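A single chain, nothing else alongside it, follows as structure tokens in the form deposited without this ligand.
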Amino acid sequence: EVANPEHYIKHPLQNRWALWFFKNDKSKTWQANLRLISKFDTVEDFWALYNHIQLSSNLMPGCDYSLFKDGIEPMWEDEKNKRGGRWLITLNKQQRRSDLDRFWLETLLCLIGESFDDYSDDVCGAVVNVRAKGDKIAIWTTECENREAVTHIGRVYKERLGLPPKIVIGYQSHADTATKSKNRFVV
């Protein structure tokens, strides 16, 4: 005697996600600048958020977005990131105009739609940095010594983003980033 779910239920996502924002303030500690915007666990709710926030290309330089699974904080020191690393896409000044927004939207959809299939549990999140010197986008994974997981994710990422074979992307452990400056893997 009941209604048909398809007609009126929001479409759940595999995971709940947290969207964070960062504004540089020089007088403050790094960690103090990282504020949580909101969380969502449906398709409908993702788009309400995406649709009401500024596109990455219109942020002041020194601002960032990040999307992490609920319960994983967007920093190396989190339990689920500390042994991890990221696949880094360094864009140039010209690509802010032509790729920044589409690569980030693509990255958002890779996360929420679990595009990494059997390895979607190694994915922690992603970070788009808006920077005068070059914009960066990266996907964070949980364990940098899981060769098969890491490289699979890289290969799917590169392909979902449409990057040609001649553009090489690197994977670096957060441990190295935190204490040096070195690619563990390329793709």
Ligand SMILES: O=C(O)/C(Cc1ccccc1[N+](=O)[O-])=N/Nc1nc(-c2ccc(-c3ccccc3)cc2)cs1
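Between two forms, the rigid core is the largest collection of C-alphas that superpose within 1.5 Å. Quick note: we count residues from 1 along the sequence shown, nothing fancier.
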Open item on the list: Please check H7 against the other PDB entries of this protein that were compared: is it missing in at least a third of those that model both its neighbours?
Closed with: no
Task: Unresolved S181 in a third or more of other entries flanked by modelled residues - done: yes
Open item on the list: Missing residues between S181 and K182 in the deposited sequence, please: none, 1 to 3, 4 to 9, or 10 or more.
Closed with: 4 to 9
Open item on the list: Mean CA temperature factor from the deposited coordinates, higher in 10 to 18 or in 161 to 169?
Closed with: 161 to 169
Open item on the list: Comparing average C-alpha B factors as deposited, tell me which of 89 to 97 and 69 to 77 sits higher.
Closed with: 89 to 97
- [ ] Kindly indicate the residue among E145, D45, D122, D64 with the greatest C-alpha B-factor in the PDB record.
- [x] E145
Open item on the list: Sorting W140, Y50, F40, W30 by Cα temperature factor from the record, which one lands on top?
Closed with: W30
Open item on the list: How does the C-alpha B factor of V130 compare with the rest of the chain: lowest, middle or highest third?
Closed with: lowest
TODO: Please rank the C-alpha B-factors of the chain's modelled residues and tell me whether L55 sits in the lowest, middle or highest third.
DONE: lowest
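The following text describes the form deposited with this ligand bound, which does not appear among the structures shown.
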Open item on the list: Take the pose in the deposited complex, superimpose it on this chain at the site, and classify the pocket for this ligand as open or blocked using 3 ligand atoms within 2.4 Å of backbone or C-beta as the minimum for blocked.
Closed with: blocked
- [ ] Using a 4.5 Å heavy atom cut-off, indicate which stretch of 53 to 61, 142 to 150, 158 to 166, 117 to 125 touches this ligand in the deposited complex.
- [x] 53 to 61
TODO: Please check if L108 has a heavy atom lying within 4.5 Å of any heavy atom of this ligand in the deposited complex.
DONE: yes
- [ ] Give a yes or no for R97: in the deposited complex, does one of its heavy atoms lie within 4.5 Å of a heavy atom belonging to this ligand?
- [x] yes
Open item on the list: Against this ligand in the deposited complex, would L19 count as a contact residue? Criterion: heavy atoms within 4.5 Å.
Closed with: yes
- [ ] Answer for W87 alone: is it within 4.5 Å of this ligand in the deposited complex, judged on heavy atom distances?
- [x] no
Task: Contact set, 63 to 88 vs this ligand in the deposited complex - heavy atom within 4.5 angstroms - done: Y65, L67
- [ ] With the two forms aligned on their rigid core, point out which item of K28, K133, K39, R155 shifts its C-alpha by 2 Å or more between the shown form and the other one.
- [x] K28
Task: Rigid core superposition, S57 Cα moves 2 angstroms or more between the shown form and the other one - done: yes
Task: CA-CA separation of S57 and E106, closer or farther in the deposited complex than in the form shown [shift of 3 angstroms or more] - done: farther
Open item on the list: A 3 angstroms or greater change in CA distance between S56 and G125 is reported in the deposited complex. Closer or farther than in this form?
Closed with: farther
